[PDB]
Amino acid sequence: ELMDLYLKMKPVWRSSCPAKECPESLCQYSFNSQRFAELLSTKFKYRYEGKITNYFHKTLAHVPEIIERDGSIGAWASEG
Amino acid sequence: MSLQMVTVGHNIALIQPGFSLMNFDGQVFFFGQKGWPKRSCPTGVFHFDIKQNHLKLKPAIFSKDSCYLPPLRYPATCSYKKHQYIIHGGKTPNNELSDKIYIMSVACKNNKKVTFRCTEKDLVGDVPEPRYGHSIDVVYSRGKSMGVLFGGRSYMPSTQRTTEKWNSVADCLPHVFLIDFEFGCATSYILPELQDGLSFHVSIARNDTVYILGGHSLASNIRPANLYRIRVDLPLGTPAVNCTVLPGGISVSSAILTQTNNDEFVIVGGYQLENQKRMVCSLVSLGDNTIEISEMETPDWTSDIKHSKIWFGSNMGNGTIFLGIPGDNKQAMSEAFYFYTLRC
Amino acid sequence: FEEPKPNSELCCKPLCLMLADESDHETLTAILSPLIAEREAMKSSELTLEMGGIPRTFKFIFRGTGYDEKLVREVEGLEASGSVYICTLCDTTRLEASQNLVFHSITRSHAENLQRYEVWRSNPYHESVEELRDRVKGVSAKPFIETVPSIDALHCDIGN
DNA sequence: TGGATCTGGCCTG
DNA sequence: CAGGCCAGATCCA
Ligand SMILES: [Zn+2]
């Protein structure tokens, strides 16, 4: 279930146009993020009790706001 | 005339050219690290200790009301005499110059525990422009203490600066400044005997005189063998500055000054030409109204010092200096700067 | 216009190249100062250029996103990546990020970082190291490159 | 017995 | 595999 949640969350901040080709995924990003966070905090207390990666923090807190502000994430990435 | 190697702890990569060694009650400290201060030492000052030829750079906390100051990479240090320490200007790590004044003092001391106190002094009047490599000393004339300031190197003015020559540097004007510590005021004075600019010289203080000798002039790419004596008096009205040119000077730049005995100073290290290195030492014996420069014995330098290109250091205070020689390459890390100590 | 392959090797145009260490801050600043100078100079100007027989003018809006986490930490006046303050977008601690994990808001910016460094250097409230860091939210250096708060997709994927 | 002194762990690379 | 920050085990005057 955790892997499925991550794979549902991924296509938003990796697509050049997350507002067009992944509308349902963009809309359900918040619900998937909350599910991911609660799953971590409940079932994985042996890894995420008092410490969590800043990249998980970003993916669970800041991605939708950046999408709304800019329009896309991944077109501005460092791949080029 | 004794030369020894001093090792380093795990903070070798924290000493860069242009540091300053500041001494309080026989305890020497480090200033001017490389890179912005990390969490390991948020204050930025360091404890310099040589025991059995080994260096351990313990941090040093500040006072509650102190101001945390950026690493000055080429400042002007002064030893005021109720003991304080003066640093003014220099390069910050991001390579912009500062024109503000920091005052140092030891706030409190415990069993092998030291706390400093930093205050920021603002100057009003003819404020000297930001620069680096300049020299600051103090004079004591008729119950009044006040420090003299000279020119160094500074960037082009904000109206003649271009991006293609952003980092180009030109010597400051040879104006002699009189900055007052207890009032934060300055009066700019121009003296005819000083026509060409001077940078990275060595200056020596006495009762009511300062001896500036050596220095690099960037205008014509020469190092004059000059020697100027500046006399300051403090009447009721405005102070007066008189400069006299004396013969027998030396042609050095970015040399190291230290005190061996009372009315006794020695110049060690420096640069004679662009590709030439000052391999001799000069004993400058001061007095009441007379100066005499003679050559002392040449210390036995090792091959690493003799065949290097850059050395740098400061004054420990107790008849000792601390010069550095670059070591090996940089990719192999670990030991990158070879550090030596010299006994006078 | 709209770039078809924004992440391809065919769209990025080299502008300044050097052989210097990333973390060697002194020479990094020495080399990159002119480019930031031109950036700030031209951020509020207008460019007139001849286009096929008709003159046309250009405005410019700059967005900095192509910096990895270590570069952002170094050039935005921030601490190391292993510090208590983790995110370069909000002022939250690692522990508090672990108890909440959901609700946040972006509040960091270049001007805010500059004024936080000014507060850190001036010490206008007469506080100790810990109190001053708690006041400045982890700012201990002067930033010199302006970037927008954004997430690097490649490194986010690698870390996850 | 309360700060020094390592020391492995965690984070980005 | 280098580099930095941090909570925890020694430890010594
Ligand atoms: Zn955050």
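Cut-offs applied
Residues numbered from 1 in each chain as written, not as in the entry; some residues may be left out. Chains lettered and ligands numbered in written order. Part of a larger assembly, values for the part shown. Heavy atoms only, no water. Residues with missing side-chain atoms left out of burial classes, pairs and counts. Helix = DSSP H or I, 4+ residues; strand = E, 2+ residues; numbered from the N terminus. Rg over C-alpha atoms; globule rule 2.2 N^0.38 Å. Buried < 20%, exposed > 50% of the residue type's maximum accessible area, 1.4 Å probe, protein only. Contact = heavy atoms within 4.5 Å. Areas by Shrake-Rupley, 256 points an atom, 1.4 Å probe, with all protein chains shown as cover. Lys, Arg positive; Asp, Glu negative; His and termini not counted. Charge placed at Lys NZ, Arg CZ, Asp CG, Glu CD. Buried area = accessible area lost by both parts, 1.4 Å probe. Salt bridge = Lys/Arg side-chain N within 4 Å of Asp/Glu carboxyl O. Polar contact = N/O pair within 3.5 Å; in protein donor to acceptor, adjacent residues only side chain to side chain. Nonpolar A, V, L, I, M, F, W, Y, C, P; charged D, E, K, R; others polar. Arc of directions from axis to C-beta. Near = heavy atom within 4 Å. Donors = N, O, S within 2.8 Å, 3.2 Å for Na, K, Ca; no water. Tetrahedral: all angles 85-135°; square planar, octahedral: opposite > 155°, others 65-115°.

Its PDB record attributes the structure to cryo-EM, giving the resolution as 3.36 Å.

Q: Quick one: what's the story with the overall build of chain C, residue by residue and with numbers?
A: Looking only at helices and strands, one finds six helices and two strands in chain C. Counting helices and strands in the order they occur from the N terminus, chain C gives α-β-β-α-α-α-α-α. Over its C-alpha trace chain C gives a radius of gyration of 19 Å, far above what one expects of a compact globule, namely 15 Å for 160 residues. For chain C, the spread of C-alpha atoms along the three principal axes comes to 65 × 40 × 35 Å. Relative to its 160 residues, chain C shows a buried fraction of 41%. By sequence separation, contacts in chain C at least 24 residues apart represent 46% of the contacts at least 6 residues apart. For chain C, the accessible area works out to roughly 9,100 Å², and carbon and sulfur atoms hold 59% of it. Each charge class in chain C can be summarised by its mean position, and for the 17 positive and 27 negative side chains these summaries are 4 Å apart.

Q: Can you lay out the interface of chain B and chain C for me, pointing to particular residues and giving the numbers?
A: At the junction of the two partners, chain B supplies 25 residues and chain C supplies 27 residues. At the boundary of chain B with chain C, total buried surface from both sides reaches about 2,300 Å², with 47% on carbon and sulfur atoms. Counting across the chain B and chain C interface gives five salt bridges. Between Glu130(C) and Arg39(B) there is a salt bridge, with the nearest N and O atoms lying 2.7 Å from each other. On inspection of chain B and its partner chain C, the count reaches 16 residue pairs in polar contact. Its residues assigned to classes, the side of chain B that touches chain C shows nine nonpolar, eight polar and eight charged.

Q: Tell me what's going on with helix α1 (residues 2-9) of chain A, and back it up with residues and numbers.
A: Among the residues of α1(A), those classed as buried are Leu5(A), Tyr6(A) and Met9(A). Down the axis of α1(A), the sector holding all buried residues measures 100°, keeping them to one side. Buried residues belonging to α1(A) abut α2 (23-43) and α3 (54-61) of chain A together with α6 (153-159) of chain C.

Q: Describe the pattern of salt bridges, listing the residues and the values that go with them.
A: Summed over all chains, the structure comprises 26 salt bridges over all chains. Residue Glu26(C) pairs with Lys34(B) through a salt bridge whose shortest N-O separation is 3.0 Å. With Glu26(C) in helix α1 (residues 25-42) and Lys34(B) in the loop between β3 (27-33) and β4 (46-47), the pair connects residues from two separate chains. Among the residues examined, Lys34(B) registers a relative accessible area of 27% and is labelled partly exposed. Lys64(B) is paired through a salt bridge with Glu131(C); the nearest N and O atoms lie 3.8 Å apart. A residue pair is termed interchain when its members come from two chains, as with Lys64(B) in the loop between β5 (58-59) and β6 (77-80) and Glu131(C) in helix α5 (residues 129-136). Judged by relative accessible area, which is 39%, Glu131(C) ranks as partly exposed. Each member of the salt-bridge network shares a partner with another, and the members are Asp91(C), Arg108(C), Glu112(C) and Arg116(C).

Q: Describe in detail the protein's contact with DNA strand E, supporting the description with residues and values.
A: By nearness alone, every residue bordering DNA strand E is listed as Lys38(B), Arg39(B), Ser40(B), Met333(B), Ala80(C), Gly82(C), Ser83(C) and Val84(C). Sugar and phosphate atoms constitute 95% of the interface atoms of DNA strand E, taking the interface as everything within 4 Å of the protein.

Q: Before we move on, can you summarise the coordination of the zinc ion with the specific residues and values?
A: Donor atoms from the polypeptide that bind the zinc ion are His57(A) (NE2), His62(A) (NE2), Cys87(C) (SG) and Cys90(C) (SG), placed at 2.0 to 2.3 Å. Note that the zinc ion binds four donor atoms; their angles at the metal cover 91 to 137°, and the shape is irregular. In this pair, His57(A) sits in helix α3 while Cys90(C) sits in the loop between α2 (69-75) and α3 (94-100), so the two residues belong to two different chains. One exposure class covers both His57(A) and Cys90(C), and it is buried.

Q: Residues and numbers for the interface of chain A and chain C, please.
A: Of the residues lining the interface, 32 residues belong to chain A; the matching set on chain C comes to 33 residues. Carbon and sulfur atoms supply 60% of the area buried between chain A and chain C, which totals about 3,300 Å² over both sides. Considering only the side of chain A, the residues that lose the most area to chain C are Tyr55(A), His57(A) and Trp76(A), jointly responsible for 19% of the buried surface there. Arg63(C) serves as the salt-bridge partner of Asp70(A), at 3.6 Å between the closest nitrogen and oxygen. Where chain A touches chain C, the interface holds nine residue pairs in polar contact. For the side of chain A that touches chain C, the secondary-structure elements that each account for two or more residues are α2, α3 and α4 (63-70) of chain A. For the side of chain A that touches chain C, the residue count by class is 14 nonpolar, ten polar and eight charged.

Q: How would you summarise the side chain of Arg116(C) if you had to cite specific residues and measurements?
A: All names here are of chain C. Structurally, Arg116 is set in helix α4 (residues 110-122). Assessed through its relative accessible area of 13%, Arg116 is described here as buried. At a separation of 2.7 Å, a polar atom in the side chain of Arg116 contacts the side chain of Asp91. Not counting residues up to four positions away in its chain, the partners in contact with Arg116 are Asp91, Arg108, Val136, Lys137 and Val139.

Q: Explain the protein's contact with DNA strand D residue by residue, including any values.
A: Inspection of the region around DNA strand D gives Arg47(A), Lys51(A), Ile52(A), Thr53(A), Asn54(A), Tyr55(A), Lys58(B), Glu69(C), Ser81(C), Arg94(C) and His155(C) as its neighbouring residues. For DNA strand D, the fraction of atoms within 4 Å of the protein that belong to sugar or phosphate moieties is 100%. Measuring from a phosphate oxygen of DNA strand D, one finds a side-chain N or O atom of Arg47(A) at 3.1 Å. Here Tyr55(A) contributes a side-chain N or O atom positioned 2.2 Å from a phosphate oxygen of DNA strand D. Broken down by class, the residue content of the surface near DNA strand D amounts to two nonpolar, four polar and five charged.

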